[PDB]
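These are the residues of each chain, in order.
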Amino acid sequence: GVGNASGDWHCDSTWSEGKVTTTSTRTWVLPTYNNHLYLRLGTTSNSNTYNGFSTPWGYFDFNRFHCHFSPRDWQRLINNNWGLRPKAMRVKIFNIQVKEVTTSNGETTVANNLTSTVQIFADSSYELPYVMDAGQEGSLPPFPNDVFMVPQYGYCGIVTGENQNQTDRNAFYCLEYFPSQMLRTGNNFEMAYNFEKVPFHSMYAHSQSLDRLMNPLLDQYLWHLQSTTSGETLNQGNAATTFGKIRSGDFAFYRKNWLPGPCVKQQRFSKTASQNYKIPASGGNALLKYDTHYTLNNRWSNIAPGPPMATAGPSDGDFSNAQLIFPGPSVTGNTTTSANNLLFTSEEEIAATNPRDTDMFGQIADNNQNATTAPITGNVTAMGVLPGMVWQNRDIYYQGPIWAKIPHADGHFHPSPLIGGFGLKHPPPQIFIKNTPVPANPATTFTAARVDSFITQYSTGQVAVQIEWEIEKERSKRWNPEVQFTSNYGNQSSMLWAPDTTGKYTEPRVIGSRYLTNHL
Amino acid sequence: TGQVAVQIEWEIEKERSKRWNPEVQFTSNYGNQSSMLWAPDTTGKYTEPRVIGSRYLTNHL
Amino acid sequence: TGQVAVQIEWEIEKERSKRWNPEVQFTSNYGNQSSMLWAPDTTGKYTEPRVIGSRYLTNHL
Amino acid sequence: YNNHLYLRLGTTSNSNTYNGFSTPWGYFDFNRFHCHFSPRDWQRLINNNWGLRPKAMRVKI
Ligand SMILES: Nc1ncnc2c1ncn2[C@H]1C[C@H](O)[C@@H](COP(=O)(O)O)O1
């Protein structure tokens with residue numbers, strides 16, 4: 001009925017010995033996009049050209065972690081458990097209120113239209129292109145008491161060449177072609193979903209460095225050739241070759257059982273403006289050209305933080321493109337001069353297992369040495385996976401995405417979003433929503449032309465998302481106290497992680513999940 | 001104003017031909033287009049490109 | 001000399017796409033031919049005209 | 001073949017050298033696709049289904 005609420009606002013976290021369940025609700029506003037029509041989209045810009053469509057529909061996105069975890073909760077989670085992975089989810093939209101706007105002259109009036117319908121469907125079948133997954137605004141806001149605007153749905157189409165235009169292959173997906181539920185106030189929508197078994201994300205830092213796992217005290221039983229000649233001078237000395245049983249201490253020489261990492265090199269820049277070479281953002285030598293990129297169908301796509309690699313700590317004066325950058329509290333606009341106002345994610349913790357972003361993978365003999373010809377070593381920058389390699393994935397972040405859909409392709413290797421998160425073949429479905437059109441008074445004599453005059457409307461209501469996370473406690477045997485993340489903030493005039501006098505809420509730092517320790 | 005919904009159940013019969021050589025079939029074959037065919041455009045307008053019949057498959061007398 | 005007979009049972013999966021605009025499909029499209037294609041000819045010779053793949057249908061990532 | 005006898009085989013050419021044997025036996029091979037699909041059939045298959053994979057086989061001479 002019109003008079004009855006169709007759902008209660010509950011946001012909660014319930015913790016278990018084995019599983020924690022998060023639940024949060026938010027209020028949303030839904031405009032009328034593109035005055036009700038699908039629009040072709042395309043621009044051709046050389047290293048950017050793209051093509052696609054913009055839709056009258058909007059969608060709900062809960063892909064950021066902070067959507068379901070209050071800071072404290074996130075804390076609880078990461079200081080206590082080694083791994084976590086999502087198990088099941090369920091969503092419900094309710095208290096739909098459709099508003100109609102009179103828009104008188106000078107003043108715009110708004111009043112409820114009780115008999116109006118907003119339509120929601122979610123598609124399981126994954127027939128619509130998935131977009132919820134990468135790098136984008138629209139997720140519910142972290143702070144509960146913040147109303148948000150449902151994002152408009154638009155999708156990309158395959159672009160052939162450096163020039164944007166469409167081939168027969170390009171396709172059009174029309175949301176109205178799908179069956180969807182129609183609601184009015186007093187109507188509600190609900191759906192459930194079960195995640196697929198997925199590797200627990202590792203929420204620990206290695207307490208051992210891969211290269212040396214051996215017993216410091218003993219020495220291998222293998223021998224290596226130590227020197228072709230005597231002395232410490234490169235090209236002089238007595239001819240004889242000498243072999244020696246690998247002894248305790250010459251660890252760098254120990255034959256090991258594993259190779260540390262897959263790797264792609266990244267350019268490095270210094271946070272101090274002064275240190276960098278001059279590089280423009282446009283023109284023949286715009287930065288893009290010098291930053292590690294992957295050429296695809298004639299178009300440079302700059303590699304996103306790439307195959308997981310070690311990166312300078314957050315405080316460090318140098319930073320690489322490999323690390324993710326978050327706004328930070330103080331920044332006002334879209335652009336800023338000093339990087340002291342930004343937040344940098346860093347994977348120092350990964351260093352124990354795999355190569356550094358700005359440094360190389362290693363160096364290989366790139367030549368066959370000989371008495372008359374000197375040995376030459378080649379610098380290796382790109383290294384595909386090799387038998388016996390072991391690496392760590394990029395960590396997840398409080399404000400980082402949670403899942404991402406694994407491309408529907410013949411081949412994929414070690415799916416783990418590179419931006420961080422769990423790779424799913426069938427990820428939480430995008431739930432679409434749109435305000436049904438309505439018509440302005442219409443002409444008395446019939447005209448075939450499609451109607452174009454519509455009443456102005458917008459809707460609002462609350463959505464509630466609940467996720468059941470499966471986690472695993474630590475159970476370590478380490479004796480010395482671990483590192484844990486605790487605020488440690490100095491005396492503050494207006495406390496952190498809280499709304500302020502203005503009433504504004506902003507997240508102070510970016511937070512990872514690897515504080516606990518574990519050995520290899 | 002309101003919505004109407006129409007559902008029709010069509011009975012069809014597959015081909016089952018013994019012809020060896022590949023048939024003609026209707027496929028778009030449209031050239032590179034600035035704004036793809038059979039789809040809404042930037043203006044947001046939708047219009048049908050060609051008139052289409054139903055006789056592409058072959059059968060003998 | 002003798003005959004051999006081979007039978008294979010293939011498992012296939014229909015498309016089930018939600019794309020609106022007509023797909024590309026492979027249809028002959030051959031021009032008027034003096035001796036039709038994909039068929040034996042006056043000499044009595046049989047030869048395949050083009051090499052044919054299997055990817056004509058579309059699907060998103 | 002080979003008047004009934006197995007023969008050693010080898011040539012040494014620098015980027016080709018090879019070694020092996022030639023047998024009096026012969027074998028049946030149905031590894032090309034067109035062996036089991038008439039053009040039309042191949043057409044039917046590819047314009048309608050997303051994927052395919054072989055399930056079982058049986059032969060008789
Ligand atoms: N996040 C995520 N989603 C899906 N699949 C993933 C993920 N991380 C790793 N993998 C895959 C990569 C290999 O297919 C497999 C190896 O199992 P392992 O047990 O890791 O040796 O696990």
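Look up a bit, the structure's there.
Let me begin by describing the structure that accompanies this report.

Turning next to the overall build of chain D. Within chain D, the regular secondary structure consists of one helix and three strands. Relative to its length of 61 residues, chain D is extended, with a C-alpha radius of gyration of 20 Å against a globular reference of 10 Å. In terms of principal-axis extent, the alpha carbons of chain D reach across some 50 × 35 × 20 Å. Counting every position in chain D, which comprises 61 residues, the buried fraction comes to 20%. Summing over all exposed atoms, chain D offers an accessible surface of approximately 5,200 Å²; the carbon and sulfur share of this is 51%.

So, about the overall build of chain B. Looking only at helices and strands, one finds zero helices and zero strands in chain B. A compact globule built from 61 residues would reach a C-alpha radius of gyration of about 10 Å, whereas chain B, at 18 Å, exceeds it by more than 25%. Structurally, chain B occupies a C-alpha span of about 50 × 35 × 15 Å along its principal axes. Counting across all 61 residues of chain B, residues that qualify as buried make up 23%. Here chain B displays about 5,600 Å² of accessible surface, and carbon together with sulfur accounts for 50% of that area. For chain B, the separation between the mean place of its 7 positive charges and that of its 7 negative charges on side chains is 7 Å.

All names here are of chain A. Close to the ligand lie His414, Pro415, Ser416, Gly421, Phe422 and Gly423, which account for all nearby residues. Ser416 places a polar side-chain atom, nitrogen or oxygen, 3.0 Å from a nitrogen atom of the ligand. A distance of 2.9 Å is found between a nitrogen atom of the ligand and a backbone nitrogen or oxygen belonging to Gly423. Compared with its free state, where it exposes 480 Å², the ligand has 50% of that area covered by protein. Taken together, the residues that form the shell around the ligand break down as two nonpolar, four polar and no charged.

All names here are of chain A. Take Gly138: it is sitting in the loop between β7 (118-122) and β8 (148-149). In this structure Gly138 comes out as buried when scored by relative accessible area, which is 18%. Sequence separation between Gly138 and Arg64 is 74 residues; the distance between their C-alpha atoms is 9.4 Å. Contact partners of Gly138, with chain neighbours within four places excluded, come to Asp61, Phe148 and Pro151.

This brings us to the environment of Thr353 of chain A. All names here are of chain A. With respect to the element layout, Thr353 can be found in the loop between β22 (343-344) and β23 (362-365). Here the alpha-carbon distance between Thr353 and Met309, two residues 44 residues apart in the chain, equals 9.0 Å. Aside from chain neighbours lying at most four places away, what touches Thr353 is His206, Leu210, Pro260, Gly261, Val390, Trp391 and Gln392. At 2.9 Å, the side chain of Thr353 forms a polar contact with the side chain of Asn354.

Attention shifts here to the pairing of strand β5 (residues 81-101) of chain A. Residues and elements named next belong to chain A. With respect to burial, β5 is a largely interior element, 15 of its 21 residues being buried. Examined bridge by bridge, β5 and strand β29 (residues 457-473) share 16 bridges and lie antiparallel to one another. For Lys92, the partnering residue across the bridge sits in β29 and is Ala464. Sheet topology note: the β5/strand β12 (residues 201-202) ladder contains two bridges and is antiparallel.

Another aspect to go through is the interface of chain C and chain D. Between chain C and chain D, the residue contacts involve 28 residues of the former and 26 residues of the latter. With both sides pooled, the region where chain C packs onto chain D buries about 2,600 Å², and carbon together with sulfur makes up 58% of that total. The three residues of chain C that bury the most area against chain D are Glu9, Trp10 and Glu11 of chain C, which together make up 25% of that side's buried surface. Measuring nitrogen to oxygen at the nearest pair gives 3.1 Å for the salt bridge that ties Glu11 of chain C to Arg53 of chain D. At the surface where chain C touches chain D, the tally comes to 13 residue pairs in polar contact. Tallied by class, residues from the side of chain C that touches chain D come to 12 nonpolar, nine polar and seven charged.

Per the counting criterion, the structure on display carries 23 salt bridges over all chains. Among the salt bridges present, the one from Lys245 of chain A reaches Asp219 of chain A, with a minimum N-O distance of 3.2 Å. Of this pair, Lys245 of chain A sits in strand β15 (residues 242-245) while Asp219 of chain A sits in the loop between β13 (204-206) and β14 (223-227), and the two are 26 residues apart along the sequence. The class of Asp219 of chain A is partly exposed, set by a relative accessible area of 28%. One salt bridge connects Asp318 of chain A with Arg268 of chain A, and the closest N-O pair in it is separated by 3.9 Å. In this pair, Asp318 of chain A is assigned in strand β20 (residues 318-320) and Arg268 of chain A in strand β17 (residues 268-270), connecting sequence segments 50 residues apart. Salt bridges sharing common partners tie together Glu15 of chain B together with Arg40, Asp41 and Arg44 of chain D.

Before going further, it helps to spend a moment on the arrangement of the chains. Across the five pairs of chains in contact, the largest number of contacts is found between chains C and D. The smallest C-alpha distance separating chain A from chain D is 11 Å, and no contact links them.

What follows is about the pairing of β7 of chain A. All names here are of chain A. By the criterion of burial, β7 is predominantly enclosed, with four of the five residues buried. Of the strand pairs in this sheet, β7 and strand β10 (residues 181-183) are connected by three bridges, and their pairing is antiparallel. Residue pairing for β10: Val118 is matched across the bridge by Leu183. Pairing analysis gives five bridges linking β7 to strand β28 (residues 431-435), with the strands arranged antiparallel. The residue bridging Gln119 from the neighbouring strand is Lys434, located in β28.

So, on to a nonpolar patch on the surface. Among the surface-exposed residues, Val4 of chain C together with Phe28, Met57, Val59 and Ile61 of chain D lie close enough to one another that they form a single nonpolar patch of about 510 Å² accessible area. With respect to the element layout, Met57 of chain D can be found in strand β3 (residues 49-60). Accessibility expressed as a relative area gives 53% for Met57 of chain D, which makes it exposed.

Listed as interface residues are 17 residues of chain A and, on the opposing side, 11 residues of chain C. Taking both sides of the interface into account, the surface hidden between chain A and chain C amounts to around 1,300 Å²; carbon and sulfur atoms contribute 55%. At the surface where chain A touches chain C, the tally comes to one salt bridge. Linking chain A with chain C are 10 residue pairs in polar contact. By residue class, the composition of the side of chain A that touches chain C is 10 nonpolar, two polar and five charged.

Conventions and cut-offs
- Residues numbered from 1 in each chain as written, not as in the entry; some residues may be left out.
- Chains lettered and ligands numbered in written order.
- Part of a larger assembly, values for the part shown.
- Heavy atoms only, no water.
- Helix = DSSP H or I, 4+ residues; strand = E, 2+ residues; numbered from the N terminus.
- Rg over C-alpha atoms; globule rule 2.2 N^0.38 Å.
- Buried < 20%, exposed > 50% of the residue type's maximum accessible area, 1.4 Å probe, protein only.
- Areas by Shrake-Rupley, 256 points an atom, 1.4 Å probe, with all protein chains shown as cover.
- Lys, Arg positive; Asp, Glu negative; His and termini not counted.
- Charge placed at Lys NZ, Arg CZ, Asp CG, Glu CD.
- Near = heavy atom within 4 Å.
- Polar contact = N/O pair within 3.5 Å; in protein donor to acceptor, adjacent residues only side chain to side chain.
- Nonpolar A, V, L, I, M, F, W, Y, C, P; charged D, E, K, R; others polar.
- Contact = heavy atoms within 4.5 Å.
- Pairing = 2+ DSSP bridges.
- Buried area = accessible area lost by both parts, 1.4 Å probe.
- Salt bridge = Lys/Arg side-chain N within 4 Å of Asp/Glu carboxyl O.
- Patch = residues over 30% accessible without salt bridge, like charges linked within 9 Å, V, L, I, M, F, W, Y side chains within 5 Å.

That is the geometry; function is a separate question.
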